[PDB]
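You are given C-alpha cells for the same protein chain in two forms, set apart as structure 1 and structure 2.
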Structure 1
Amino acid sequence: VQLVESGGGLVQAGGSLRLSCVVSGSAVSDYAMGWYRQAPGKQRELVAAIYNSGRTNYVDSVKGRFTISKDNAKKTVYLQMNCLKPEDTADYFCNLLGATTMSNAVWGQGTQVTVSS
C-alpha cells in the first residue's frame, strides 16, 4: 500500500485538528484501517480503528475525543481530533490493521502533531 498522511501541526491545548490519509489502490474499500501514533520514546500504537461495515473503536484515552471515518471514493481515511492535550503530541500514521506485525507492511512518512500548553 502507498500512504500519504497530512493535516498535522502545532495546536494549542483544547484545540482541534483533522488528519487525512490518502491511500493508493483499494485498501480503504478492502481492509480494516486504523490510525496509529508514535510518541517520543515509544513504538507505534493503534488509537482508532474503522471496520469494513463502518463500525469503529478507539483506545480509551481518545474515545469521545477522536473520530475515525473514511471516504471510499476519495480513498481517504480521516481522524478528527478534538479536545487535544499535550500528551497527544506524537507522529501519526494510518495503515491496514495489523501493520505493526504483519509481513511486508509499509508505512508513510506520518504527520506530526504537537500540542502546546
Structure 2
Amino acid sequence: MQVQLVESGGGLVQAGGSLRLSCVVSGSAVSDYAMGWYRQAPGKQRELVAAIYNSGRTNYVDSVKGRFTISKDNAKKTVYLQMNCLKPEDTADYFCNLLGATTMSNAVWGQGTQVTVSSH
C-alpha cells in the first residue's frame, strides 16, 4: 500500500508560546495504524515524541509530557499535535508517519513542517 503525508501548522513562535500541527493522511492509515509525530532537531535524527493508538490512547516521551498533546480524527484522516510551553529544544522539522513504516519498502516521509522557538 502507498500512503501520502502532508504536515502543516509550524512557524516562528516565542518561548512559552503554543502551536498546533496538522497531519492529513491518505487512504485509511489514521484509523488502521498507530500514528506518531516525529521531530528532527538540527544535527540529530528523527525521534518519536508522541504516539496515538487505535483506542485513542496516547504515549509521550518524558520531555514532552504536560507540554505536547496528540490527537486524531479518523473521519478527517488528520493527526494533531498541540505544542505548549515551547523551548528552543523544540526547534526542529516535525513529521508524522505510521508507527511501523520501517516494514514498508516505500520509505515515504513527508516534507514536514518547520518549528522555530525564539527567546522572548
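Shifts are known only where both forms have a C-alpha. We call the rigid core the largest set of C-alpha positions that still match within 1.5 Å between the two forms. For residue numbers, the reference is structure 1: its sequence is counted from 1.
Core-superposed comparison between structure 1 and structure 2: among 105, 10, 13, 97, the single residue whose C-alpha moves by 2 Å or more is 105. Taking the core as reference, the C-alpha deviation of residue 88 between structure 1 and structure 2 is 0.4 Å. Displacement of the C-alpha atoms by 2 Å or more across three or more consecutive residues between structure 1 and structure 2, following core superposition, is confined to the single run 98 to 105.
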